[PDB]
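Next up is one chain by itself, shown in structure tokens, the form deposited in one PDB entry.
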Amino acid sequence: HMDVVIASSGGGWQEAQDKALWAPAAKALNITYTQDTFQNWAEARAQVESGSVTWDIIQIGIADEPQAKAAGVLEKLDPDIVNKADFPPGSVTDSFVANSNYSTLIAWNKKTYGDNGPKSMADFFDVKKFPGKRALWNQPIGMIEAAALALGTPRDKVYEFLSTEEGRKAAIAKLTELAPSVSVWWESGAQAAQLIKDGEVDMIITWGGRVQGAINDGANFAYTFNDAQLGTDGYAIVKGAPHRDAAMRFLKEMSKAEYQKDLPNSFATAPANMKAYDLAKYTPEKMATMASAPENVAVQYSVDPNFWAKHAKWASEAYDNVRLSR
């Protein structure tokens, strides 16, 4: 009840944040903290709506931020919590501080397809060319866009296509056509990593760090950055946080280059603080696994928070219908 409560999505990703950021920053500030886990920012909304907020810091996505901010779920962060020039443009708002870049990408089972696995969203959606069990997230960010890409939309026109009612309906129709081949709608990064380790799916759209972690654990899977979504993860403080002031100081400390440099030590993620790269001096081998590496960025498209700030409610309901058809 006296400790700052920080929450992310568990598994290897939470363990990496706790080791590189939370435990060293709390030690430097001589403070005590408690961890929690959640999969959707709507759980932070529920706390705000119930009138009993227990979480202080929440780890959310860059495209969750406009929605959460509009719903009054987030506190406004103190000015100069970070220097905006040290982070990618748009990754730091008045209610969010980025901690990393990651990819929502295609991974496939080498026992099923060998080296000849799906290398694009058109291939992921091609049950004729690639027969097998698919796994998709139970939340729509990266999933609606995957269907738009599968329909032939160029990566740079994804959100131009999803700007019309016609494009949005076509993306849902493409997901509905794929739905009978979707054996599991994964709910957490650790569950997606477990599906990969057990070879329970033939192909999956999930986060790069989770995929690489499963492969490091022995999974006979391969993956590509082609047609992947370049995402941004970060921190926000819950509106009415019981330890708001202490949380603000903790978030300021953990955003520093000295902690950020250690974030990809074992977990395949890309630090958001640009000064971390100079401090750590990552090997080319290390850089190649990073979502934000130039060669990887070249075959990706960035998530658009402006799209999600407008059509999240529609996407949630329509995507729920696609999954509820099973």
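We number the residues from 1 along the sequence you see.
In what follows, reference is made to the form deposited in another entry, a form of this protein that is not presented.
Hinge residue, chosen from 115, 85, 51, 283: the C-alphas switch from fitting one rigid part better to fitting the other at 283 when the forms are compared between the shown form and the other one. Between this form and the other one, the CA-CA gap for residue 214 and residue 266 widens by 3 Å or more, being larger in the other entry. In the other entry, the CA atoms of residue 275 and residue 301 come closer by at least 3 angstroms compared with the shown structure.
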